Each structure stands twice: as C-alpha cells, then as structure tokens.
Amino acid sequence: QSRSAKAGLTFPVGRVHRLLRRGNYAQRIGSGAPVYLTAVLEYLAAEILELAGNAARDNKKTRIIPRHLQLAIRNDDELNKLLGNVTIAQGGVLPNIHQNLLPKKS
Amino acid sequence: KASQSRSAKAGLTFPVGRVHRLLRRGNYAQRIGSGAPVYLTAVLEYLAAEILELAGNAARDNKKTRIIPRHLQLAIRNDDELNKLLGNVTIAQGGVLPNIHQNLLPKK
Amino acid sequence: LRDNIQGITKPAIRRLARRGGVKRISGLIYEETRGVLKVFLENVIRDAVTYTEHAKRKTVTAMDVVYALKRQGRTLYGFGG
Amino acid sequence: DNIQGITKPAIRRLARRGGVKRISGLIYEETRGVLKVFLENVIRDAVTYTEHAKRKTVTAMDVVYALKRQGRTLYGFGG
Amino acid sequence: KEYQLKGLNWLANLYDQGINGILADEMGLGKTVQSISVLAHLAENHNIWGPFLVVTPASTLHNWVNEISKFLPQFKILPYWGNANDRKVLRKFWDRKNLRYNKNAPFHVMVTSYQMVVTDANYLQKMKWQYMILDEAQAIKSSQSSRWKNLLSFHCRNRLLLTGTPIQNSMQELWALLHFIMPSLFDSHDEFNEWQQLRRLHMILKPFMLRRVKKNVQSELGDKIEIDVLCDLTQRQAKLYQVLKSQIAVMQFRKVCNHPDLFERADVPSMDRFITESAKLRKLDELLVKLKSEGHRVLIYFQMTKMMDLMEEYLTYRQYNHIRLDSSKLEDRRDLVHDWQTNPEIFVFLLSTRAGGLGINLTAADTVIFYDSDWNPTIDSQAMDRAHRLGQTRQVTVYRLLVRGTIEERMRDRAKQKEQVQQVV
Amino acid sequence: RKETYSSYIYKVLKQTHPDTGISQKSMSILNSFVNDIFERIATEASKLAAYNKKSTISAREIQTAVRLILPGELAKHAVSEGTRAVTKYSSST
Amino acid sequence: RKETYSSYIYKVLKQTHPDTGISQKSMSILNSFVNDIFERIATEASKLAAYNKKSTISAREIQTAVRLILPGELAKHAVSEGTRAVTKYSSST
Amino acid sequence: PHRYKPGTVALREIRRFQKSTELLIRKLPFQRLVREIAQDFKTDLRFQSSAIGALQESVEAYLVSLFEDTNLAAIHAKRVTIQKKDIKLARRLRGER
Amino acid sequence: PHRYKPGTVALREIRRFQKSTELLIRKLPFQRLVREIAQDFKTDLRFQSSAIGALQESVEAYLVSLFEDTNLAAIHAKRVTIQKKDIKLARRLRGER
Amino acid sequence: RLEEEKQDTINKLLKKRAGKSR
DNA sequence: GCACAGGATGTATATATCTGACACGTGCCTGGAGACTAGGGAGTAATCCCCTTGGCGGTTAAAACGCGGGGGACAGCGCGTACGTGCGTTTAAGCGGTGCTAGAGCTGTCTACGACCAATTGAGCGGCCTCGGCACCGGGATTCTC
DNA sequence: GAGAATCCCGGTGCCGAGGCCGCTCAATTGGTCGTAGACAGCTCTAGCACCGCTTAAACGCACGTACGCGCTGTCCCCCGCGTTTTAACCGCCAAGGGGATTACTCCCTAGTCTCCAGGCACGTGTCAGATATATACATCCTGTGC
C-alpha cells in the first residue's frame, strides 16, 4: 500500500522523503515530517488552483492561462504578500488606476 | 615525524582545521576536497586583513588606540565595495554617516 | 489602555529624525510614526517568540531575536556573539 | 546603433503598462542605460554558472538560477 | 593613662553642650589612644557600638588598623579600601537598614581615605552616621575642594576634627574650619574679614582650642636640633644659573639648583664627575662617611620624582641597603615599615613628603636630612614629627642642608615668614 | 527520464474542478511554485534544527517553520490540516 | 568552553598595526562578520555544487562562488590570494 | 476634419494594453543586445531560445514595476509628467545601488 | 539679548546628533512597550536585557533609514516640511505594508 | 541558608585577607 | 570726567598621590595531525543525435519623420499659519540597592526512533494516439465623443 | 446630433491537450542496533519587583516669522495624425558542433586510533584621568583724587 494512501494524501510522501534524503539538511529525518510537508504542500496547491478555477469561471474559460494565475495570485493580499518578490511568465499586471488619473469630472 | 598544522604549511594564519571541521558537520556537502578549506581560509584572511586596515586608519584619523565601533562603521560604510558587500547589515554602536544635502544648507 | 505607544515621547521621534537630518517636522507625524514603530515591532516579535517557545524556553534571549532579524534581511552584528 | 536596438515605442509601451500619462522626451536614453546596467548583472551571473559547468552554451536554467540568487526569481521556465 | 583624660573629659563636656571639637596639637603624643578612649567612654556612657567613621590617608590607614588591633580588640574592625568588587562586597557587608545603636553587627569601625569619601559620596550620601573622626585635617582647609563639598554635605551631625597644624594662616582656612565645626553660624567670609589685628584674634578663637605643647612631659624623645649646612655652587651649577636667565617657571628654577644632570645626562658618563658636579650631593658624601662610621640610621626626604630617582644610583657605589617609598603600593607600605622597625641592618630610606611625613612610627631613627624640604613649614613640621615621636631612645640631630646665594634663600625667607606667623598664633 | 508532479496536481484539479483544463506552461509555473515552497520550508527547517543543536529533522521543526514563514489565515489552516493528516497517519500505523 | 576566532584576528591585527587595541564589542562585530561571510559563501558553494549534480566540494566551485558574491576588484584580489595559498599548500615537498 | 482630445486615445490604449498580456519589445533586437553584451566576457556563447524569453520576461517585469513606482512618485509631486529626477527618486527609495 | 537665525542652531544640533553614538530613547518606556506588545502572542514572557538592546538598536536603525529617505522624498517634493504623504510614499517604495 | 552562610563566610575571609595582609 | 594705586584672582605647572583600565604568565583538555583502510565518484574518452546558428526570401506591420496645437510645467507673488524658540513647572527614568526566585543549563540514563541492508512490486513516465477549444476572419450591435 | 472604436456572435480548422500501453527503476516491507533525543535532578546565574531620591528633560503656554499653499499668466515641448521604408517575422534547409549517454579506472576522500600541543581561562604587573596644593607673577576689578 502507498504511504500517501494511509495518510489520505495525493502527493508522494515517499518521493518527497527521497528528495529530503539527498536534500542535505540534517543527518537523520523523522518519519512524519514528509507526511506533514505533503499535507501542507497539497493544501497550498489546493487553494492556488482553486482560486485559479474561480478566475477561470469568472472569465468563461475552461483553460488555465498564466493571466488567470496572475489575477488569482495578486488579488489576494495574503498570497501577494508571500509572492511579493516573485514574477510570473506571461502573467500580466492587474489594471489599477490612481483616482486622479481619470479625466473630466463626474 | 613531528610536524605542525596545515595552516603554516599553507602559510595562513586562520585555523584551516577549525574551518574544515565547520565544513564537515555544517552539512553543506558530504564530500569535501582538500583545497576548499585552504582556499576559504585564504579568502577570509584577506577580507579580515583589509577590514582591519580600514579600521586601523579610521582609528589613526581619530588618533585613538582601541577600535570603537564608530571606527568600524566609518571604515565599512565609507567604502563602496563594502557598501555593496554589507548593504543590508546594521552595526552595533555604529551611528550614522556625516552627510548633509546642499539644499538644506543656508545658500542665501 | 496605558501610555505605552505614547510613552515613546514626542521629542524622541524628533531626535531620531534629526539623526537622519530633517529640518521641519509637522505635528501630525508623531502618531503615524508611532504606528510605524508598533507595526515593525509585532512582525519582528512574532518571529522572535516562535523561535522562543520552539526551544522550550519561555524567556527571550538575545540570540533567537538576532536570527529573527536575520529572517527578513535586516541582520545585526555584535549581539550575535 | 546596436546599443539602441530597442526603440522609442517600446519604452512608450512599457510606460503605458506602467500607467503613465505624460512622458518627457529625455527619459529614453537613461531608461536604455538602466536596462543596460540591469541586465548586465544577470548576464555576468549567468555566464559564470555556464563556464563552471564546463559548457559553452547558456540555458534558461542557470539564468533563472541567477535571478533566484539576486532576489527576483521567475516561474515557468523550470527552476 | 596620662593627662589626656582631662582632655577627653573636656571634649565630652563640649559634646554634652552640643558643638564639634577642635584639636590643635602636634602629632606624636599618641592621639590615637585618646580617640579610642573617647569611643570606649562613649560606649560606656550611652552605649553606641555601631556607626563610626575614620577618615585617614592610605599611609596611616593600615597603621591605625594596627593600633586598634593591638589596643582595643573588642570592636569589630572593617577596612574599606581596594578594587570595585571588594568594595561592593564591603558595601553589602554593612547591609544595615537598622538605624541608631546596634550591638551584634560588625560595622563598628569604618576606615577610609579622603578620595574614597569623595568617589563614593554618591554611595555614601545615605546611611546617616553618628560620629565621624577626620584625622590630619590639613587636607580639608581649602573651601574649593570636591572633598570639602562632599564632607560638608554629610549629615552625620558631629564634625570632630583631628589635625596636627591648623595654623596654615591662609586668612580663609580659619573661616573654613569654623564653618566645618558649625555650618549655621559661619558662612560669610566678608563679615569675618571686616570683623591690633594680632591681639584681637586671640580671644575670638580662645574657648574652642586646647593649648598643649611637647615640652610638658619628660623629654627623652631626643630634643631635635636643627643643624644647617650652607654651600656654594659648583662651576656646572654656576653656569646653569646664567644660562637659565639668558633665555629670559620656578619649578624648573628649582631643579637646576639640585643637580645639573636633571636636564642633560652625561653620555658617551663617569660617576665621579657626576657626584662632584653638584655641591649639594658633594656634601652628602662627607656626612655619609661619618654616619656610616658611627653606623647610624639615616632618613632622607624628597620633593620631586626627578631627584627621587637619582640617589639609588649614588647608593650603588656604597652598596647601601635602601628602600624608597612614595605611587608605592599600600601593602608594600605595610611590611617595609615593619622591616624598618624590626631589622637593624637597614640604614637608608628615600621618602617623599605627603606619605612618609604623616603619622608613620619612625622612632628608631634620629638623623633626618631635608634635601629640598622648603615648600611649606607645616608639612616640614609634620615630616619632622614623623620621626620625632615617643619611643626614640637617643638624641635627635636634624641635618638640613641648603645652597647659599640662590633662590632657596628667598624661598626659605618666605618659609620663615610663614614660620613666625604660625608659631605666635 | 525526469520526475514531476503532473498526474498528482491534475488529480487534485479534477477532484475539485472536473471541467477546467491546464496548460503545461501554467503547469510549469505551478511546478516551480511548489518546489520553491518546498525549498523554502526545507532550508528554514534545516537552519532551525541547526540553531537548537538537534541533528534530526522532525515534525516539530517543520511545524515551527510553516508557523513562521507563512503569514496569517493561511498558516493556521495549514497547521490544522497537517496535524490532522499526521494524526490520521500515526493512528493508521 | 567556547569557540571564537579572537586570537587569529588579534594576531593579524597585531602584525600590521602593533600600537592598536580592540574593543570586545568590536571583537564580537568581527566574529559575527566573519561568521556571516563564511556561512554565505559556504551555502552558495554548497547549493551551486549541488545544482550541477556534483557531490563534492572542491576549490573550483568555492572560487566560482567568490566570483559570485564578492565585488570584482576585491574578488580578484581574494582569488589571487587563494591561488597563491593553494599553490603553496599543494607544493608540500 | 476631426482631431481627438489628447488623453482619449491614450487612456484607451492603456486599458487595451493592461487587459492584454503580450510582448512589447521586438524579439530580434533584444536578441542582438543580449548577444553583444554577452560576448565581452567569453566569446562564442550559444544561446537557448528559452533563456532569451527568460531575459525578456524579467526585463518587462522590472521595467513595468519601475515605471509604476515612478508614476506614483511623480503623482506625489502634483505632476502628471514624469522626469528623470523621479526615476532617480525611485532608484534612491528602493535601495538597489 | 542676541538670538540666532532659526536653522543655524538646528544645523549645530544636527551635527551634534550625527556625531553622537548613544541611544536617544529611554529604556523604561521601550521596555514597557515591548512587554505590552509581547503579551498577545504569549503571556508571562521574561526577557534578556541584551535582547531588549537588540530590539532597540534595530529599531533606531530602521527609523533613521525611514526618516532619511523620507527627507529625500520631501526634498524631491519641493518642500522642507514633511507630511503624512511622505510617509505613505516612502512605505510604498520600500514595499512593505 | 547554606549559600547565604557560605557567602557571609567568604565575605569575612575576604575582609580578613585584605584587612590583615593589606 | 579721567588717571593712579590696592586687593582679589587665574593660573600654570609641576610634583604628590592615587584609582581605573589594560598586556602577559601557567593548567588543561580536547580536537587536529598522522597513519592505515577502501570504495565509489570523478576524470576521461568514444559516440550519438539534436538543436542552433546562419542563410535565403517574401511580406508587412511599425518606426522615423514632420506638422499643428494645446495643455501642463513653471516663475512668481501674497497670506496666513504652523511649527521653531524659550521659559516655568512638574516628573518619571534612572541608579543603586536588595530581596527573592525561577528557569537555563549541565549531567545521567534509558530507549526508541530511524539509518542501513536484502527483497519486491507497481505505477509513473514516455511514445503513440485522438478529437475539440479556441484564435482568427467576417458581420452586426453598441459607446463615449466633439 | 454622426462616427471610429469597442463587444458579441457565426464559421474554419488544427494543432495542441488528455487517455493507452510497457515496463523500469523506485516506492514499499521487514530485521538490527546504537546512538541521539526525552526526561528527572540540581544549581546558580540572573531576571523581575519594589523603595527612594534625583534632576535633565518633558509638557504647557505665549510669540512670529519663514515657508506651504492658493492663484495666475507663460511658454513650449509632447501628443495625434499622414507617409514611407525598413527591418522584424515567418518558413524552411542544413550541418556540424556541442550537450547527453555510458563504460572503466584510480585516487581521494570518508572512517578509526593515537597523541600532544594550540588555544583558551584565569590569575597578576603596568600606564592614563582625577583631585589637590603652594606661590610668585601677570591680570582684572575696584576705590580714590585732580
């Protein structure tokens, strides 16, 4: 049986444990640590692709393009805060206009 | 058979065995060659020597003898190479650089 | 509650500004700078305290806080010894 | 002329990405200088990674490696 | 045990009146046993054992510790000197916080110096004392001293003063000592200046002081005789006297008289030309022959560090046992005086003024030379009394050389002017 | 031959959204994302275990690391679900 | 029982300016500085050598890392010092 | 005989660019620039096409951010026209020297 | 009496403060501030004194950097008087929120 | 109690060593 | 209203003391150097195949260039205001002193979690295949605009 | 009120995004052990609380004068529109050159015992600030007469 199945996760606890083995961090690695890393990585992946799916539904698209990813990563201020120094290829820029840049009145 | 360490065999003052020991259980890699500790020892010796030279003439400009951290701050932040190397650091008891903008001067 | 954030007195903000070399200081800057002080303090001290009870100690030493400053790239020398 | 391979409508397009209404005519040569010094550091960092690997062609891997080193990392090109 | 009983009774009577005491007596009759008898009779009278202060220079600090160890071992003695951590240990060791009289607490005797009064005045601003003793109060007479400020500010509420010569006649130090005895009545120096001058000031100061002299007991002390030696200059000492004024303050005008090598040493440096180029040093050797022929204890006093560091070169030729004191450590002042009053094979001592001329028991010597002891007759009287104490077993001859026709003649006349004023009053 | 997270993230996507397609350049964007976050957690936990003179990586050190670099209202939910996962794995021994 | 670099930086200070004292605060400044530089250069050489699937740390990758971090003029002085030191060490005859 | 108001077309192409996510600089001149700045370090460096696009996306991201903050700096000074002193102000304030 | 020009004594104390080394906020209010800001994450939290000194000298370093580039932002904005919008602009250009 | 007695004895011994030998 | 004599005063310049803050000489202990073993990682080298740079040529939107004009930077001037200046009146850090107490850190000792070796099986990656989502071209509704 | 400029909708593939089969290393399972972490105990350094006096400094309050800000005429230099030419894009060909792959050696660096000396930790000798003091000598302030 898969150890991801006995934890009920869909990410490879064995493969990430193997990556941690040659990841050269300490001499000995606890058994529950790749399980916890698997859980947290699948959680963050879950909200990112869930907001990506929400942005895909908001613009009638059944495909994920990086414009949807940029619009989904920069509207949330929390994920904007964590991804502050990271750029996205073919991402784009959220259209934000300073209020005095608009012409005329009313 | 009675021989000294590898520091004077490399002609260096910093302890090559100690930095080698830090390289073993510093878990940077499990395999470490022989030239890496002597090379790192030489590089750290050069950096320490130039930092002490700037601290020394900073103290001789203020004609003191003991290196106050004011001397170290004026040695580091008045050199642009060290400004690039030490851009984000904050120093204890260092104070601020003496400077003023020309528009702030009473130009009349 | 108490005079803690305004315990930092209004000539002290002015003196810390005149270390940098300002000349004219408006009166309404003081509470905004007090907010700037406090907002720097909680997002350094949360990292300092997470390092604190990670070591199973409930006093804050001078070492975990300088690694907490080292976290965001604002490192400090002298107290790291 | 090979320094000025980028053209004035390209700086115009980047300014309209930035949301700029009016642009003075002396921005362009210093913007070219800023671009020329900005990509200089990443070229210098990429070619050192290239020569240390005993290879004489560059790839996307070591340049996004250099960008991750200097703090403006990029996704979608590996790394 | 002596006539000091009526003196301590008079001091206790003026204590019962409520004013602070003045002693105007020369040191040597043993005022230390008088002071410990005063404290013993106060502990017998109204039973105080606790807060007592002794302010005393570092030369006589261990000395006073020695007589209170030998004579009255009932009290618990606490020294207060040393580095900062031991000082904190002592400040902890009188934790106190229990005022008035206490019996089983070891803070009976506090001994300290003027400087550690001064530098720990913030530390000693608290702890209201009961009875302070300030011995050798020659160093308090200046009203501009920081020690004067921190000793006026003490609220011990009893300011008994012990001194050898209060008769410095500086026209203001009388008002200073009167102000230190009672601060409320004596503050305006101008009113004392405005208020035949010799006769009237006798009865103003009459009831506060006691009139004692050394010619009241049997004089086996050695009845010291001032034999003086006058000499000319050598030709090297002659030529310096015009090349000093050729370029034309008094400090380099003094050391030119002592030795020509005090500005230029002979280099390639014969000792025989070195000793004979100063006629002052020349006449020392002829005196030194007959005193060594008698085999006699020789005491030498000094004023400046330059002349302090030349006789040991001269003492190498005679190979004399000699120990210099000055800067010297106080624990070295313990055993070396103890070496002096025990060893008879020791003959030669180089001393300065303010350390050895104050209160050190030197009764085993009689021949004292004053090389340049002419700055102040009060210190010179104290320096003479340091050797001429009770216990000297023979006649005391005090040799005092001088060089004739020099600036010392004007300086001795200014000294003699200060001499004749103070002995009348 | 190389490894990736293609079918796994695709399974997560089809588990919560059975109608949305993924581009492989967008998939490479999120691959770089997930192994970037993995590298940050692993490096932070290595440094943290190095400070405490502990030679082993366990769940507590990575727990503190995900507590500390992850900001508010995303950290505590991740901590809750990861503790739930490790308890349901340890119970299923 | 503690560890420091104090004797070595003391004696390299003393050999070039013998009439110079050092403050203990400045002494800790120097200790933290050399620790920072060593840790930065070691983690750079470590990850770049791991990046090229190389399991061994040698002098070539660490001098490459010196060419990465340090500014170029003191970098070339430093690598000149490193090459002369390693040629002196390798000639152990 | 018509002429549009200055500011009408510019705002609409700002909107048209900002809804878009495509490339601005022509690929081949930037290829020329990266080859001519590359060759002074080591000669005959072949270049993968993906690395070129990496340089491209990095420099549009950096210049778009720089112009956005420079426009904010200029609009702080009550001006709608940017200037090279605003560029130097942004470079002073980010701390990248 | 005789007065000086407003600003000439200001430059005297500017160079006095820039020639200084010591810290310019009293230790007790900062101690009470960090104790009352440390309680929300965790109660009964004791503190090393040199840790408090670390928080101290770190935050004067941050405040002198912030006041310095705020002064430069004000001197770009044709003023010597410093307002709230200078703080907002400088905190925008540093990037933190 | 025992530590306080040891500290008092050490203080008395220090006062004896400085007071009788210095 | 100004020149002359007497009293007070800095003061300098050393000593003398004299504390306060430093460079230098022994126990010790633990960690680097040397000798030995070994095994597997790196160097080297042949080969393969994939892609990367020129090289045509067509073609086609895009920049260079100039003109008209118009709206925004700009110099300056008032005014009023808002913070610099200074001084009286608390005041609350601060020093230091002490008392307590509590937890950081060291030592001991167990034990239990995982590295490691031998074996397995399975599922994830890659070539191959299928089909549909949507960019693009053409036509119509719609929207601020001058 | 018209009109270039927007969004939306109908037809055309088409080429690029999910399944399918093979099986190959890589995830998974079980026994050993020894050594690193967990937990108890002790101590002693050091952190918190509080007492009490201090005084530089902070707050209040009155003044005012240089500067921030509102307005107003001035260019003048950027912006929108024809026009061309010109250089980038696109499609394809090649070739050869450089990364990818695999095998085989060797040597160099990991692991272990010994030991002895390099580097501390903790003592004592050895110079800069500070306080005090006479004393003539020049200097300053003050009282006095023509």
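Residues numbered from 1 in each chain as written, not as in the entry; some residues may be left out. Chains lettered and ligands numbered in written order. Heavy atoms only, no water. Residues with missing side-chain atoms left out of burial classes, pairs and counts.

Moving on to the overall build of chain A. Looking only at helices and strands, chain A features five helices and three strands. Listed N to C, the secondary structure of chain A is α-α-β-α-β-α-α-β in terms of helices and strands. What you see for chain A is a C-alpha radius of gyration of 20 Å, clearly larger than the 13 Å of a compact globule of 106 residues, by over 25%. Overall, the C-alpha framework of chain A stretches about 65 × 30 × 20 Å when taken along its three principal axes. (Helix = DSSP H or I, 4+ residues; strand = E, 2+ residues; numbered from the N terminus. Rg over C-alpha atoms; globule rule 2.2 N^0.38 Å.)

We now examine the pattern of salt bridges. Pairing between side chains of opposite charge can happen when their charged atoms approach one another. This structure, assessed with the given rule, holds 30 salt bridges over all chains. Residues joined in a network through salt bridges with shared partners are A:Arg15, A:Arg18 and F:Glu3. (Salt bridge = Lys/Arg side-chain N within 4 Å of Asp/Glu carboxyl O.)

A separate point is the protein's contact with DNA strand K. Taken together, the neighbourhood of DNA strand K is formed by 78 residues, with A:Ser31, B:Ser3, E:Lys88, H:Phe47 and I:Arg32 sitting nearest. Per the 4 Å cut-off to the protein, sugar and phosphate atoms form 99% of the nearby atoms of DNA strand K. Between DNA strand K and F:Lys2, the relevant distance is 3.0 Å, taken from a phosphate oxygen to a main-chain nitrogen or oxygen of the residue. Take F:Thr4: an N or O atom from its main chain is 3.4 Å from a phosphate oxygen of DNA strand K. Going through the elements one at a time, helix 2 (13-21) and strand 1 (28-29) of chain A, helix 1 (16-24) of chain B, strand 1 (24-25) of chain C, helix 1 (8-18) of chain D, helix 4 (84-93) of chain E, strand 1 (46-47) of chain H together with helix 2 (27-38) of chain I are the ones with two or more residues in the surface near DNA strand K. For the surface near DNA strand K, the element with the highest residue contribution is helix 2 of chain I, accounting for four residues. Looking at the surface near DNA strand K residue by residue, the class counts come to 16 nonpolar, 24 polar and 38 charged. (Near = heavy atom within 4 Å. Polar contact = N/O pair within 3.5 Å; in protein donor to acceptor, adjacent residues only side chain to side chain. Nonpolar A, V, L, I, M, F, W, Y, C, P; charged D, E, K, R; others polar.)

This next bit is on the domain arrangement of chain E. Residues and elements named next belong to chain E. Split by domain assignment, chain E resolves into domain 1 (4-204) and domain 2 (225-231 + 286-405 + 413-424). With centres defined by C-alpha atoms, the gap from domain 1 to domain 2 works out at 29 Å. The partner domain 2 presents 14 residues to the 16 residues of domain 1 that form the contact. Its residues assigned to classes, the side of domain 1 that touches domain 2 comprises five nonpolar, nine polar and two charged. (Domains from an automatic or database assignment. Contact = heavy atoms within 4.5 Å.)

A separate point is the sheet that holds strand 5 (residues 131-134) of chain E. Residues and elements named next belong to chain E. One open sheet accounts for six strands, arranged 1-6-5-2-4-3; its pairing is parallel. The sheet terminates laterally at strand 1 (22-24) and strand 3 (77-79), the two strands that pair on one side only. Strand after strand, the sheet turns through a mean of 20° between neighbouring axes, direction not considered. Pairing geometry for strand 2 (residues 52-55) and strand 5, over four bridges, is parallel. Bridging from a neighbouring strand, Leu53 pairs with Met132 of strand 5. (Pairing = 2+ DSSP bridges. Axes fitted to C-alpha atoms, helices over the stretch in contact; angles between N-to-C directions.)

A few words now on unusual backbone geometry. Residue and element names in this part refer to chain E. Backbone geometry at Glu136 places phi at a positive 55°, although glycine is not the residue there. Following the sequence through the fold, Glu136 ends up in the loop between strand 5 and helix 6 (146-152). Its identity is not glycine, yet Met171 carries a phi of approximately 70°, on the positive side. Mapping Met171 onto the fold places it in the loop between strand 6 (159-163) and helix 7 (173-181).

What follows deals with the nonpolar core. One finds A:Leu83, B:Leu40 and G:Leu70 to be the most contacted residues of the largest nonpolar core, which totals 157 residues. In contact with A:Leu83, other than residues within four places in its own chain, are A:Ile73, A:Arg74, D:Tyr75 and F:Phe33. Formed by 56 residues, the second largest nonpolar core is a distinct cluster that contains E:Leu14, E:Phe107, E:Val109 and E:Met110. (Core = buried A, V, L, I, M, F, W, Y, C linked by side-chain atoms within 4.5 Å. Buried < 20%, exposed > 50% of the residue type's maximum accessible area, 1.4 Å probe, protein only.)

Attention now goes to the interface of chain F and chain A. Accessible area lost upon the coming together of the parts serves often as the stated size of an interface. Across the boundary between the two partners, chain F contributes 52 residues, which contact 50 residues of chain A. Here chain F and chain A share three salt bridges between them. Between F:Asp19 and A:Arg57 there is a salt bridge whose closest N-O contact spans 3.1 Å. One can count 20 residue pairs in polar contact joining chain F with chain A. Contributions of two or more residues to the side of chain F that touches chain A are made by helix 1 (6-16), strand 1 (21-22), helix 2 (24-51), strand 2 (56-57), helix 3 (59-69) and helix 4 (75-91) of chain F. Considering each element in turn, the side of chain F that touches chain A owes the most residues, 13 residues, to helix 2 of chain F. Here the residues of the side of chain F that touches chain A are counted per class, giving 25 nonpolar, 19 polar and eight charged.

All names here are of chain E. The positions that UniProt labels "binding site: ATP" are, in the present scheme, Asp25, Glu26, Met27, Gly28, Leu29, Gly30, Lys31 and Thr32. By the element assignment, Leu29 lies in the loop between strand 1 and helix 2 (31-45). Residue class for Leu29 comes out buried when judged on its relative accessible area of 17%. Dropping the residues within four chain positions of it, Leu29 is found in contact with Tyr3, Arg212, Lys214 and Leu390. With respect to the helices and strands, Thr32 occurs in helix 2. (UniProt positions renumbered as here; feature names shortened; annotations may be inferred.)

Glancing now at the sheet that holds strand 9 (residues 322-325) of chain E. Residues and elements named next belong to chain E. Here we have six strands laid out as an open sheet, ordered 7-12-11-8-10-9, and parallel in their pairing. Every interior strand has two partners, whereas the edge strands, strand 7 (225-231) and strand 9, have only one. Adjacent strand axes in the sheet meet at a mean angle of 20°, parallel and antiparallel pairs treated alike.

Taken together, 69 residues lie near DNA strand L, and A:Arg18, C:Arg15, H:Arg3, H:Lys27 and I:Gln48 sit nearest. When atoms of DNA strand L within 4 Å of the protein are split into backbone and base, the sugar-phosphate part holds 97%. With respect to DNA strand L, the backbone of F:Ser55 contributes an N or O atom lying 2.7 Å from a phosphate oxygen. One of the side-chain nitrogen or oxygen atoms of H:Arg26 is found 3.0 Å away from a sugar or linking oxygen of DNA strand L.

The subject of this paragraph is helix 1 (residues 6-14) of chain G. Within helix 1 of chain G, the full set of buried residues consists of G:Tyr8, G:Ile9, G:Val12 and G:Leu13. Axial view of helix 1 of chain G: buried residues confined to an arc of 135°, hence all on one face. On its buried side, helix 1 of chain G packs onto helix 1 and helix 2 (35-61) of chain B together with strand 1 (21-22) and helix 2 (24-51) of chain G. (Arc of directions from axis to C-beta.)

Moving on to the packing of helix 1 of chain D against helix 1 (residues 8-19) of chain H. For the pair helix 1 of chain D and helix 1 of chain H, the least separation of the axes is 8 Å and the interaxial angle reads 85°. Judged by the angle between their axes, helix 1 of chain D and helix 1 of chain H are roughly perpendicular. On the side of helix 1 of chain D, the interface is formed by D:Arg13, D:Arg16 and D:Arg17, while helix 1 of chain H contributes H:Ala10, H:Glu13, H:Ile14, H:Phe17 and H:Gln18. Of the residues that constitute the contact of helix 1 of chain D with helix 1 of chain H, the class distribution is three nonpolar, one polar and four charged. (Parallel < 35°, antiparallel > 145°, perpendicular 65-115°, else oblique.)

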